[PDB]
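One structure below.
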Amino acid sequence: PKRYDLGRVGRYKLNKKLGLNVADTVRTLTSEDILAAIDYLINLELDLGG
Amino acid sequence: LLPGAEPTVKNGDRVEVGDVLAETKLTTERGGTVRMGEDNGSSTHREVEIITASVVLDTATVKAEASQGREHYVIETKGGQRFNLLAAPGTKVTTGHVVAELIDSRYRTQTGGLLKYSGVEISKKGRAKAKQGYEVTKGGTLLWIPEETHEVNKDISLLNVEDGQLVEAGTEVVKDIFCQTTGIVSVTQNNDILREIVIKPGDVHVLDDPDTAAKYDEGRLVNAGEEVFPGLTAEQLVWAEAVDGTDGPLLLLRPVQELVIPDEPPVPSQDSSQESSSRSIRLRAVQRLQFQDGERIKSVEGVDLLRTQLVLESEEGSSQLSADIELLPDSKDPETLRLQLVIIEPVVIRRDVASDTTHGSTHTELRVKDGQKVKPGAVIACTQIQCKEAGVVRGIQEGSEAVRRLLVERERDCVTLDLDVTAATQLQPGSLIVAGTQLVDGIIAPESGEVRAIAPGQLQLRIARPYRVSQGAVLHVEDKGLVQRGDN
């Protein structure tokens, strides 16, 4: 937490897009975020429609 | 049908809500009857394995105290001795690890016996490449040399030695009391250099014939029974040392102390139910040889010579781990501790989904998933798909294992309209009509669809939608394919 910062807006946008419920005081990348991003990529490739 | 279940319904079959559509074939080796092998919080024995051989050894009750160290306690094994449990979970044990060592308190060879190449007997074994030294089943007879001669280079510049004849305790071992009553070593030297210095107390035996005596023929040839002269003291032994060192022909009478070896120790019962695919996970009775020159410490300090280690080659190609399971050992009915050595047989299971507009409902099948005894094929399949409406089944194809979607034609997919009589020969079943068109002299077609059943007063259609494809486009779908909403 000295060379990487997400910000309140960044955390809020990540939660809104990927449908997570991480607390608002966390401003660093986690493993759940990466897993959800890869899951969203895979679902987008296979034409979910949502 | 994303998971890959084979369909159970075929074309032209009427189905009601709750009827299955497809099932999987999740099978593994040794399927059969469960015999109390339930998993996932169902039976008391949650941990489920091969349950075909069940290699188990009993009479291994141990405690869990935190006294006399951190995990040191007396174990009442078959031999009634403290067995070192050096193979603990989380310690990253290896195959053939050093765990078979016992406690060596008073039967440890202090001076020990060096390795020779004089009278070793071999039949099929040797020391070629990496054989971990000379392993012998009969047991080679090696001479026990009690030589406490070490290269302790004392500083003669400060502690000069006048005579040093009384070599009993030592020169500067700790402060005053070296080994016994005060005795100063003679610090034997050489021509401008030093040599081997005898530290053992020894005895004055300058009498006659140290190495060329009557008993000393063809090397040493020390006999326990016969003495150097008929009538000598044979209270304990008459073994002597050939090496004298310095200070004349000092015989250095050294009795040899050996292990008791009263009889054969009770061999542990190591024959469990090894009838399933030759699965034997047991310990051997070999000791090998792990101290030739450098592994053995060449100093006054002594360690456990001839380290106890058994080499395991059971189930070659799968003995790389050999850790089995080190979970909390308890018996079946009681909680008596044991040492279980069963191989892990993990089982993979999934969960169920409720329903969705894309895929059907998934429910746990009442199959024989709980069964694995002998035969290949465990049928642990628990996936089922149920309908949500009533209709006819379509979409089955003759393609080999290329079925990923199903179609159900319900009642809302058809439209019955009473417009007029067709009175035409161009309205055979399967005809396609596109919206407003001139079918008969009057009444245009209100909707577009596929003709199903014509009547003198009614007409039946299947709801359909056309799209225009221009020449040169790229096609992403096949002729008799199935698509979902929003597909390109």
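From the list B:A473, B:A453, the lone residue that is touching a strand residue (DSSP E or B) at 6+ places or on another chain (Cβ under 6 Å) and loosely packed, with under 13 Cβ neighbours inside 10 Å is B:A453. As a summary of the residue check, B:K215 satisfies the conditions (1) surrounded by 11 or more Cβ atoms within 10 Å (Cβ to Cβ); (2) of a type in the set (K, R); (3) under 55 Å from the mean Cα position of the chain (by Cα) except for the one numbered (3). Looking across the range B:442-488 at every residue that is away from every other protein chain (no Cβ under 14 Å) and acidic (D, E), the one that is nearest to B:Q428 (Cα to Cα) is identified as B:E450.
Working only within the range B:45-65, note down all residues that are over 30 Å from B:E29 (Cα atoms) and without any contact (Cβ under 8 Å) to a residue 24 or more places away in the chain.
Those that are over 30 Å from B:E29 (Cα atoms) and without any contact (Cβ under 8 Å) to a residue 24 or more places away in the chain: B:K63, B:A64, B:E65.
How many of the residues making up the range B:177-196 are touching a residue at least 24 places away in the same chain (Cβ under 8 Å), assigned to a loop (DSSP other than H, G, I, E, B) and not charged (D, E, K, R)? Of the residues in that region, 4 qualify.
Residue-by-condition table, conditions (1) touching a residue at least 40 places away in the same chain (Cβ under 8 Å); (2) surrounded by 12 or more Cβ atoms within 10 Å (Cβ to Cβ); (3) out of contact with any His (no Cβ under 9 Å at 6 or more places or on another chain):
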{"residue": "B:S67", "(1), (2), (3)": "no, no, yes"}
{"residue": "B:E71", "(1), (2), (3)": "no, yes, yes"}
{"residue": "B:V74", "(1), (2), (3)": "no, yes, yes"}
{"residue": "B:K78", "(1), (2), (3)": "yes, yes, yes"}
{"residue": "B:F83", "(1), (2), (3)": "no, yes, yes"}
{"residue": "B:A87", "(1), (2), (3)": "yes, yes, no"}
{"residue": "B:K92", "(1), (2), (3)": "no, no, yes"}
{"residue": "B:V98", "(1), (2), (3)": "yes, yes, yes"}
{"residue": "B:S105", "(1), (2), (3)": "no, no, yes"}
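Restricting the first member to the range B:213-235 and to residues that are closer than 17 Å to B:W144 by Cα, and the second to residues that are in a loop (DSSP other than H, G, I, E, B) and of a type in the set (D, E), the beta-carbon pairs closer than 9 Å and six or more apart or on different chains are B:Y216/B:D209; B:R220/B:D211; B:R220/B:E241. For B:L289, the test of being touching a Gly at 6+ places or on another chain (Cβ under 6 Å), more than 30 Å from B:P376 (Cβ to Cβ) and not acidic (D, E) is passed. Taken over the range B:175-193, the criterion of being hydrophobic (A, V, I, L, M, F, W, C) and within 16 Å of B:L158 (Cα to Cα) is satisfied by B:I184, B:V185, B:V187.
Which residues, counting only those in the range A:5-31, are more than 26 Å from B:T358 (Cα to Cα), touching a residue at least 12 places away in the same chain (Cβ under 8 Å) and either within 14 Å of chain B (Cβ to nearest Cβ) or part of a helix (DSSP H, G or I) (or both)?
Within the range A:5-31, A:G7, A:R8, A:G10, A:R11, A:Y12, A:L14 qualify.
Within the range B:468-488, residues that are touching a residue at least 12 places away in the same chain (Cβ under 8 Å) reach partners that are in a loop (DSSP other than H, G, I, E, B) and polar (S, T, N, Q) with beta carbons closer than 6 Å, at six or more positions or on different chains, in the pairs B:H476/B:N488. Scan the range A:15-30 for residues that are under 12 Å from A:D5 (Cα atoms) and among the basic types (K, R) and the total you get is 1.
Of the residues making up the range A:35-42, at least one is within 14 Å of chain B (Cβ to nearest Cβ), within 29 Å of B:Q484 (Cα to Cα) and without any contact (Cβ under 8 Å) to a residue 12 or more places away in the chain.
Of all residues in the range B:385-423, those being small (G, A, S) and either surrounded by 15 or more Cβ atoms within 10 Å (Cβ to Cβ) or in contact (Cβ under 8 Å) with a residue 24 or more places away in the chain (or both) number 3. Applying the set (1) touching a residue at least 60 places away in the same chain (Cβ under 8 Å); (2) surrounded by 13 or more Cβ atoms within 10 Å (Cβ to Cβ); (3) within 24 Å of B:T27 (Cβ to Cβ) to B:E315 leaves exactly one unmet item: (1). Residues in the range B:135-158 that are part of a loop (DSSP other than H, G, I, E, B) and closer than 24 Å to B:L221 by Cα: B:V136, B:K138, B:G139, B:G140, B:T141, B:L142, B:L143, B:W144, B:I145, B:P146, B:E147, B:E148.
When you look at B:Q426, is it over 60 Å from the mean Cα position of the chain (by Cα), loosely packed, with under 13 Cβ neighbours inside 10 Å and away from chain A (no Cβ under 14 Å), yes or no?
The answer is yes for B:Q426.
Using ideal geometry, Cβ is built from the backbone for each residue, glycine included, and neighbour counts are taken over all protein chains shown. Read-outs: derived from the displayed coordinates by stated rules, not from any lab.
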